[PDB]
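Reading through the C-alpha cells given below for one structure.
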Amino acid sequence: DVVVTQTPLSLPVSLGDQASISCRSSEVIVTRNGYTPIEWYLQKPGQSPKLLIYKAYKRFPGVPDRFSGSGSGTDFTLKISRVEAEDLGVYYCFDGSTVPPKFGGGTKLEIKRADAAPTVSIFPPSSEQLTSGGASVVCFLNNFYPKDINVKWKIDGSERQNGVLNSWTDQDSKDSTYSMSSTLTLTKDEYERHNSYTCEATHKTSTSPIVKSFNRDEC
Amino acid sequence: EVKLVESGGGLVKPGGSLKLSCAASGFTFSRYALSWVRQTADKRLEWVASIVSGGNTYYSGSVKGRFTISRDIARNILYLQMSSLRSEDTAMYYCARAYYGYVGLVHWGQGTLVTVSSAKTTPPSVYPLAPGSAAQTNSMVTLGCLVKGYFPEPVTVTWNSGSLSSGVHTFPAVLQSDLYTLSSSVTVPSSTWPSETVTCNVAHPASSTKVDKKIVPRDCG
Ligand SMILES: C[C@]12CC[C@H]3[C@@H](CCC4=CC(=O)CC[C@@]43C)[C@@H]1CC[C@@H]2O
C-alpha cells in the first residue's frame, strides 16, 4: 500500500495567474507498459470527479491546453497556466502504480478576489418551532471573501459557545464569494428567559465586528 | 455517449448488507475495466474495487472479504455487493469506466449515497425564517428556511417550486447527534414580499416527506 501526499491543502490563485499542485508518492512510481500511472482529476462543486491528465502528462480529450502535467519518481505536479473562474474546485492526483491505486488527499483551488464583507441577517425562532419546545436563532452571512470568519453568539450580552452549528457553501464560480450559516439552538424555556440575541461577525475586512440582533420581546 | 448511473444506496444498519447497481450504456460493457470509487465526508477519494474485462476482481484492504464486485454482461449492469457494513463504509459511491486498459477513470456517474448507522430515519422539521418587522428596509430582503431533525441525507430545497432560483444559498447539512440540520436563504426585492408569496419546498426521499412552508412576516399583531 503506497501513500500519496498532496500539497497544498488549499490554493488561492488570482485569475490569469498560474496554479501549481504537487503530489509525492511514498514510493517510486512503478511504470506500466513504460508510461507512469499518474493521473489528475478535478471535481467541481456538486459534480462528479473528471479526468484531466493521465499517464502523468497526457491530456484527456476536451481538457484545455491550459492544463499540463509533469513530474517523475514520486514527484508529480499539475500546472494551470492561467487560471479561469471555471477551474474552481478540488483537484486530486491518482497513483495507480500498484494495487490498491491511491488518491492524493485533494487540493481545493480557490479563486482569489477582492475582499468583501458579508451581508448579515439574523432570524428569531419561528412560532411553529417554539410551539414544539425548540428554539433556533439563525444568522446568514452571505457573499464574503476571504473565507476565514468568526461568528460569536451573544445572549443578553454574554458569549454562547454550546449549541452552535455552522456551515459554509463551496466558493461560487459566479462571484468567487463564500456564504455561511450559523445556527444557535436552545430550549424554548431559555429563549424566553432572555431578551437580546446577536451574532457578531469578525471578518478580515473590518476590525469592527458586523453585528445583527433583535429582542425576543419585539417586532 | 458513455453513461454510467448508480443506484441502490440508502440507510443500512452496521453488519448489514446492501447491493449497489451501476447501469452502463454507450459502449461494449465487457470490453472495459469497471471500478467503484467512494468519497467520504472529508471529500477524500478511495478506490474500492475493480473488475477487468478478464473478469478478474480486486479490492481495497478495508473492503477485502466483505464486498464483492461483479457484472451482468447481458443486462449491462455493474454491481457492488456489500456486507458486514461498518460505519466506515458511509460515503458516496461512484462507478467509473477505465479510459482503456488500466488507464484513467472516466464517465463517473452522479453517484449513490450509502449511510451506515443505527439512527432511525426521521422526517425533517421545516421552519420559516422571517426578518425583524420592517424597520431595517433597503431595496432587498433576505428570507430563509430551516430544515432540522431529519435523517438520513439527502433532502432537497427549492423556492416557489423552482420559480425562485436566483439569490439562493442552500447550506450543506450538518450532523449533530444522529440528526441533520440544513438551511437555505433567499434574497428578494423588499417590495415583492410579503406582497407576493415566497415559499420553500422541502423534500426528504428517505421518509417520503414533502413540505412547503410559506414565509410569513413575523406576527407583530
Ligand atoms: C481503476 C483502473 C482499473 C483497475 C486497475 C487500475 C490500475 C492498477 C490495477 C492493477 C491490477 O493488478 C488490477 C487492475 C487495477 C486495480 C486502473 C486505474 C484506472 C482504471 O480505471
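We label chains A, B, ... in the order they appear in the C-alpha cells, count residues from 1 in each chain, and number ligands from 1 in the order shown.
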Selection within 8 Å of ligand 1 by only C-alpha atoms and all ligand atoms, output as JSON, numbers by chain: {"A": [37, 96, 97, 98, 99, 100, 101], "B": [33, 34, 35, 47, 49, 50, 51, 52, 56, 57, 58, 59, 96, 97, 98, 99, 100, 101, 102, 103, 104, 105, 106]}
With N, CA and C atoms retained, write the just-selected residues as a compact mmCIF listing (two decimals), in the first residue's frame.
# COMPACT_ATOMS: atom_id res chain seq x y z
N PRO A 37 1.84 5.55 -14.33
CA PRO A 37 0.42 5.54 -13.95
C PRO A 37 -0.02 6.72 -13.08
N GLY A 96 -1.83 4.93 -9.65
CA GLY A 96 -2.25 3.55 -9.78
C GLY A 96 -1.09 2.63 -10.12
N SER A 97 0.06 2.83 -9.48
CA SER A 97 1.23 2.01 -9.74
C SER A 97 1.01 0.57 -9.28
N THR A 98 0.39 0.41 -8.12
CA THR A 98 0.12 -0.91 -7.58
C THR A 98 -1.25 -0.98 -6.93
N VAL A 99 -1.72 -2.20 -6.72
CA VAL A 99 -2.99 -2.40 -6.06
C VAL A 99 -2.72 -2.25 -4.58
N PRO A 100 -3.49 -1.40 -3.89
CA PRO A 100 -4.58 -0.62 -4.48
C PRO A 100 -4.14 0.75 -4.99
N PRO A 101 -4.74 1.21 -6.10
CA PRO A 101 -4.38 2.53 -6.64
C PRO A 101 -4.71 3.53 -5.53
N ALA B 33 -12.53 -2.13 -18.12
CA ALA B 33 -12.41 -2.42 -16.69
C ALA B 33 -13.33 -1.43 -15.97
N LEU B 34 -14.21 -1.95 -15.12
CA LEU B 34 -15.15 -1.11 -14.39
C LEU B 34 -14.76 -1.04 -12.92
N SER B 35 -14.87 0.16 -12.34
CA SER B 35 -14.50 0.33 -10.95
C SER B 35 -15.52 1.05 -10.08
N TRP B 47 -10.35 4.29 -3.80
CA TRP B 47 -10.66 3.24 -4.75
C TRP B 47 -11.25 2.09 -3.95
N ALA B 49 -13.01 -1.14 -5.59
CA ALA B 49 -12.79 -2.39 -6.29
C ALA B 49 -12.91 -2.19 -7.79
N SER B 50 -12.36 -3.13 -8.54
CA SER B 50 -12.38 -3.08 -9.99
C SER B 50 -12.54 -4.49 -10.53
N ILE B 51 -13.07 -4.57 -11.74
CA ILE B 51 -13.24 -5.84 -12.41
C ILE B 51 -12.81 -5.54 -13.83
N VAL B 52 -11.84 -6.29 -14.34
CA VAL B 52 -11.37 -6.04 -15.69
C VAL B 52 -12.12 -6.93 -16.64
N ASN B 56 -11.34 -10.71 -13.76
CA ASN B 56 -10.55 -10.61 -12.54
C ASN B 56 -11.02 -9.44 -11.68
N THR B 57 -11.12 -9.67 -10.38
CA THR B 57 -11.57 -8.64 -9.45
C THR B 57 -10.50 -8.30 -8.43
N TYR B 58 -10.54 -7.06 -7.95
CA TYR B 58 -9.57 -6.59 -6.96
C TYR B 58 -10.27 -5.70 -5.95
N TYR B 59 -9.79 -5.71 -4.71
CA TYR B 59 -10.41 -4.93 -3.65
C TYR B 59 -9.41 -4.16 -2.81
N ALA B 96 -17.09 3.93 -12.32
CA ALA B 96 -16.45 4.56 -13.45
C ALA B 96 -15.87 3.52 -14.40
N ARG B 97 -15.68 3.95 -15.65
CA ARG B 97 -15.14 3.09 -16.68
C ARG B 97 -13.70 3.53 -16.96
N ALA B 98 -12.81 2.57 -17.16
CA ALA B 98 -11.43 2.91 -17.46
C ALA B 98 -11.45 3.56 -18.84
N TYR B 99 -10.48 4.41 -19.13
CA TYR B 99 -10.44 5.05 -20.45
C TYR B 99 -10.08 3.96 -21.45
N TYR B 100 -9.18 3.10 -21.00
CA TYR B 100 -8.72 1.95 -21.76
C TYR B 100 -7.67 1.25 -20.92
N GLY B 101 -7.74 -0.07 -20.90
CA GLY B 101 -6.80 -0.85 -20.13
C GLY B 101 -6.88 -0.49 -18.67
N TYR B 102 -5.75 -0.14 -18.09
CA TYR B 102 -5.72 0.24 -16.69
C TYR B 102 -5.44 1.74 -16.61
N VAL B 103 -5.84 2.48 -17.64
CA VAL B 103 -5.60 3.92 -17.68
C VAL B 103 -6.83 4.84 -17.55
N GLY B 104 -6.88 5.57 -16.43
CA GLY B 104 -7.95 6.52 -16.17
C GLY B 104 -9.33 6.04 -15.74
N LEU B 105 -10.02 6.88 -14.97
CA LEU B 105 -11.38 6.62 -14.51
C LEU B 105 -12.22 7.72 -15.14
N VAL B 106 -13.09 7.34 -16.08
CA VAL B 106 -13.92 8.31 -16.77
C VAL B 106 -15.41 8.02 -16.70
Residues within 9 Å of stretch 194-206 of chain B, only C-alpha atoms, excluding chain neighbours under 3 positions, as a ChimeraX atom specification: /B:10-11,121-124,126,128,143-145,147,150-162,164,184,190-191,209-217
Could you write out the selected residues, including C-alpha atoms, as a PDB file, in the first residue's frame?
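Result went into again-v2.pdb, see below:
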ATOM      1  CA  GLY B  10     -29.588   4.126   1.270  1.00  0.00           C
ATOM      2  CA  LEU B  11     -29.543   3.799   5.043  1.00  0.00           C
ATOM      3  CA  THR B 121     -34.962   7.600   9.546  1.00  0.00           C
ATOM      4  CA  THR B 122     -36.524  10.824  10.773  1.00  0.00           C
ATOM      5  CA  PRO B 123     -38.675  13.332   8.824  1.00  0.00           C
ATOM      6  CA  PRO B 124     -37.360  16.902   8.712  1.00  0.00           C
ATOM      7  CA  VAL B 126     -39.275  22.813   8.281  1.00  0.00           C
ATOM      8  CA  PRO B 128     -39.787  29.568   8.081  1.00  0.00           C
ATOM      9  CA  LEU B 143     -35.645  35.182   3.942  1.00  0.00           C
ATOM     10  CA  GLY B 144     -34.913  31.579   4.785  1.00  0.00           C
ATOM     11  CA  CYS B 145     -35.921  28.078   5.757  1.00  0.00           C
ATOM     12  CA  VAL B 147     -34.730  22.143   7.960  1.00  0.00           C
ATOM     13  CA  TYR B 150     -34.138  14.757   9.645  1.00  0.00           C
ATOM     14  CA  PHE B 151     -32.186  11.631   8.806  1.00  0.00           C
ATOM     15  CA  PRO B 152     -30.567  10.423   6.696  1.00  0.00           C
ATOM     16  CA  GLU B 153     -29.275  12.656   3.892  1.00  0.00           C
ATOM     17  CA  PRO B 154     -30.336  13.876   1.422  1.00  0.00           C
ATOM     18  CA  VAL B 155     -33.060  16.468   1.375  1.00  0.00           C
ATOM     19  CA  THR B 156     -33.875  18.927  -1.411  1.00  0.00           C
ATOM     20  CA  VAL B 157     -34.956  22.521  -1.121  1.00  0.00           C
ATOM     21  CA  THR B 158     -36.434  24.768  -3.771  1.00  0.00           C
ATOM     22  CA  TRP B 159     -38.117  28.174  -3.663  1.00  0.00           C
ATOM     23  CA  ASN B 160     -41.512  28.813  -5.264  1.00  0.00           C
ATOM     24  CA  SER B 161     -41.381  25.278  -6.672  1.00  0.00           C
ATOM     25  CA  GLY B 162     -38.254  26.360  -8.509  1.00  0.00           C
ATOM     26  CA  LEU B 164     -37.287  31.445  -7.479  1.00  0.00           C
ATOM     27  CA  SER B 184     -31.422  27.830   2.808  1.00  0.00           C
ATOM     28  CA  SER B 190     -38.289  44.011  -0.315  1.00  0.00           C
ATOM     29  CA  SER B 191     -41.109  45.419  -2.447  1.00  0.00           C
ATOM     30  CA  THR B 209     -41.812  13.616   3.162  1.00  0.00           C
ATOM     31  CA  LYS B 210     -42.675  16.678   1.143  1.00  0.00           C
ATOM     32  CA  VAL B 211     -43.392  20.019   2.781  1.00  0.00           C
ATOM     33  CA  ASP B 212     -43.981  23.548   1.503  1.00  0.00           C
ATOM     34  CA  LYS B 213     -43.526  26.364   4.005  1.00  0.00           C
ATOM     35  CA  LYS B 214     -44.761  29.830   3.261  1.00  0.00           C
ATOM     36  CA  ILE B 215     -42.600  32.568   4.738  1.00  0.00           C
ATOM     37  CA  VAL B 216     -44.923  34.925   6.603  1.00  0.00           C
ATOM     38  CA  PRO B 217     -43.718  38.182   8.167  1.00  0.00           C
TER      39      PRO B 217
END
Nearby residues (only C-alpha atoms) at most 12 Å from residue A:174, same-chain spacing under 6 positions excluded, as a ChimeraX atom specification: /A:84-88,111,113,143 /B:166-167
Selection from above, N, CA and C atoms, as a PDB file, in the first residue's frame, can you write it?
ATOM      1  N   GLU A  84      -8.779  30.276 -14.728  1.00  0.00           N
ATOM      2  CA  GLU A  84     -10.045  30.892 -15.097  1.00  0.00           C
ATOM      3  C   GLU A  84     -11.026  30.500 -13.991  1.00  0.00           C
ATOM      4  N   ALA A  85     -12.032  31.343 -13.777  1.00  0.00           N
ATOM      5  CA  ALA A  85     -13.030  31.127 -12.729  1.00  0.00           C
ATOM      6  C   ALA A  85     -13.606  29.712 -12.699  1.00  0.00           C
ATOM      7  N   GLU A  86     -13.895  29.180 -13.876  1.00  0.00           N
ATOM      8  CA  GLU A  86     -14.466  27.854 -14.000  1.00  0.00           C
ATOM      9  C   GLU A  86     -13.549  26.697 -13.557  1.00  0.00           C
ATOM     10  N   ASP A  87     -12.264  26.975 -13.328  1.00  0.00           N
ATOM     11  CA  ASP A  87     -11.320  25.931 -12.903  1.00  0.00           C
ATOM     12  C   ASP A  87     -11.542  25.566 -11.438  1.00  0.00           C
ATOM     13  N   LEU A  88     -12.235  26.456 -10.735  1.00  0.00           N
ATOM     14  CA  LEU A  88     -12.561  26.321  -9.315  1.00  0.00           C
ATOM     15  C   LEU A  88     -13.026  24.909  -8.939  1.00  0.00           C
ATOM     16  N   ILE A 111     -10.397  30.669  -5.979  1.00  0.00           N
ATOM     17  CA  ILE A 111     -10.226  31.863  -6.780  1.00  0.00           C
ATOM     18  C   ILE A 111     -10.081  33.060  -5.852  1.00  0.00           C
ATOM     19  N   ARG A 113     -10.071  36.898  -4.955  1.00  0.00           N
ATOM     20  CA  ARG A 113     -10.789  38.083  -5.431  1.00  0.00           C
ATOM     21  C   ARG A 113     -10.711  39.162  -4.362  1.00  0.00           C
ATOM     22  N   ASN A 143     -22.170  36.068   0.764  1.00  0.00           N
ATOM     23  CA  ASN A 143     -21.269  36.635  -0.228  1.00  0.00           C
ATOM     24  C   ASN A 143     -20.071  37.408   0.312  1.00  0.00           C
TER      25      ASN A 143
ATOM     26  N   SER B 166     -32.674  32.437  -8.380  1.00  0.00           N
ATOM     27  CA  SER B 166     -31.564  33.366  -8.244  1.00  0.00           C
ATOM     28  C   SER B 166     -31.616  33.948  -6.835  1.00  0.00           C
ATOM     29  N   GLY B 167     -30.447  34.238  -6.272  1.00  0.00           N
ATOM     30  CA  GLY B 167     -30.387  34.794  -4.931  1.00  0.00           C
ATOM     31  C   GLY B 167     -30.608  33.751  -3.847  1.00  0.00           C
TER      32      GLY B 167
END
Do you have, as a Markdown table, the list of residues of chain B lying at most 8 Å from chain A, each with its nearest atom pair and that distance in Å to one decimal, counting only C-alpha atoms and ordered by chain then number?
| residue | atom | partner | partner_atom | distance |
| --- | --- | --- | --- | --- |
| B:44 | CA | A:105 | CA | 5.8 |
| B:45 | CA | A:103 | CA | 6.0 |
| B:46 | CA | A:103 | CA | 6.5 |
| B:47 | CA | A:101 | CA | 6.6 |
| B:58 | CA | A:99 | CA | 7.8 |
| B:59 | CA | A:100 | CA | 7.3 |
| B:60 | CA | A:100 | CA | 5.9 |
| B:103 | CA | A:54 | CA | 7.1 |
| B:104 | CA | A:54 | CA | 6.3 |
| B:105 | CA | A:51 | CA | 6.7 |
| B:106 | CA | A:51 | CA | 6.2 |
| B:107 | CA | A:50 | CA | 7.3 |
| B:108 | CA | A:48 | CA | 6.3 |
| B:109 | CA | A:48 | CA | 6.8 |
| B:110 | CA | A:48 | CA | 5.9 |
| B:111 | CA | A:48 | CA | 7.6 |
| B:127 | CA | A:126 | CA | 6.3 |
| B:128 | CA | A:126 | CA | 6.4 |
| B:129 | CA | A:123 | CA | 5.9 |
| B:130 | CA | A:123 | CA | 6.2 |
| B:131 | CA | A:123 | CA | 5.7 |
| B:132 | CA | A:219 | CA | 5.9 |
| B:133 | CA | A:219 | CA | 4.9 |
| B:142 | CA | A:121 | CA | 7.2 |
| B:169 | CA | A:179 | CA | 7.3 |
| B:170 | CA | A:169 | CA | 7.4 |
| B:171 | CA | A:169 | CA | 5.6 |
| B:172 | CA | A:167 | CA | 6.3 |
| B:173 | CA | A:167 | CA | 7.4 |
| B:174 | CA | A:167 | CA | 7.0 |
| B:183 | CA | A:181 | CA | 7.4 |
| B:185 | CA | A:140 | CA | 7.5 |
| B:218 | CA | A:219 | CA | 6.9 |
| B:219 | CA | A:219 | CA | 7.6 |
| B:220 | CA | A:219 | CA | 5.3 |
Could those residues be written to a file, using C-alpha atoms, as a short mmCIF file (atom, residue, chain, number, x, y, z; two decimals), in the first residue's frame?
data_model
loop_
_atom_site.label_atom_id
_atom_site.label_comp_id
_atom_site.auth_asym_id
_atom_site.auth_seq_id
_atom_site.Cartn_x
_atom_site.Cartn_y
_atom_site.Cartn_z
CA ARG B 44 -11.33 12.09 0.25
CA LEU B 45 -11.43 9.59 -2.62
CA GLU B 46 -10.80 5.89 -2.04
CA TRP B 47 -10.66 3.24 -4.75
CA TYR B 58 -9.57 -6.59 -6.96
CA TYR B 59 -10.41 -4.93 -3.65
CA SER B 60 -9.05 -2.45 -1.14
CA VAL B 103 -5.60 3.92 -17.68
CA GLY B 104 -7.95 6.52 -16.17
CA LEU B 105 -11.38 6.62 -14.51
CA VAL B 106 -13.92 8.31 -16.77
CA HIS B 107 -17.64 8.96 -17.13
CA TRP B 108 -18.25 8.63 -13.40
CA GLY B 109 -21.97 8.65 -12.63
CA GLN B 110 -23.68 11.06 -10.26
CA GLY B 111 -23.19 8.50 -7.53
CA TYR B 127 -39.28 26.23 9.88
CA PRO B 128 -39.79 29.57 8.08
CA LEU B 129 -37.21 32.36 8.54
CA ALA B 130 -38.76 35.83 8.64
CA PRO B 131 -36.90 39.17 9.29
CA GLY B 132 -37.38 41.61 12.13
CA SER B 133 -40.53 43.63 11.35
CA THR B 142 -33.43 38.07 2.92
CA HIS B 169 -27.84 29.91 -0.88
CA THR B 170 -28.51 26.42 0.41
CA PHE B 171 -26.07 25.23 3.03
CA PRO B 172 -24.62 21.74 3.36
CA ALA B 173 -26.31 19.69 6.07
CA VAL B 174 -24.58 19.31 9.41
CA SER B 183 -30.82 25.88 5.97
CA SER B 185 -31.66 31.55 2.34
CA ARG B 218 -43.38 37.98 11.95
CA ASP B 219 -46.63 38.16 13.97
CA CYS B 220 -46.44 41.82 15.03
#
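Here atom CA of residue A:69 is placed at a distance of 9.8 Å from atom CA of residue A:22.
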Who sits within 9 Å of residue A:210, only C-alpha atoms, same chain under 5 positions skipped, as a PyMOL selection string: chain A and resi 117-120+199-203
Residue contacts of residue A:10 (8 Å, only C-alpha atoms) excluding same-chain residues fewer than 5 positions away, as JSON, numbers by chain: {"A": [107, 108, 109, 110]}
C-alpha atoms of the current selection, written as a tab-separated table (two decimals), in the first residue's frame:
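Contents of selection_16.tsv, freshly written:
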chain	number	residue	atom	x	y	z
A	107	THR	CA	-6.35	20.36	-3.22
A	108	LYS	CA	-9.12	22.95	-3.20
A	109	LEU	CA	-8.23	25.53	-5.85
A	110	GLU	CA	-9.70	28.80	-4.60
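Proximity ranking of A:160, A:78, A:187, A:135 relative to residue A:19 places A:78 first, based on only C-alpha atoms.
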Two-atom distance - atom CA of residue B:141, atom CA of residue B:188 (Å): 5.5 Å
Strand (DSSP E) call set, DSSP backbone run, stretch 53-147 of chain B, as number ranges by chain: B: 57-59, 68-72, 77-82, 91-100, 103-106, 112-116, 125-129, 140-147
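Take atom CA of residue B:25 and atom CA of residue B:53: the distance between them is 15.7 Å.
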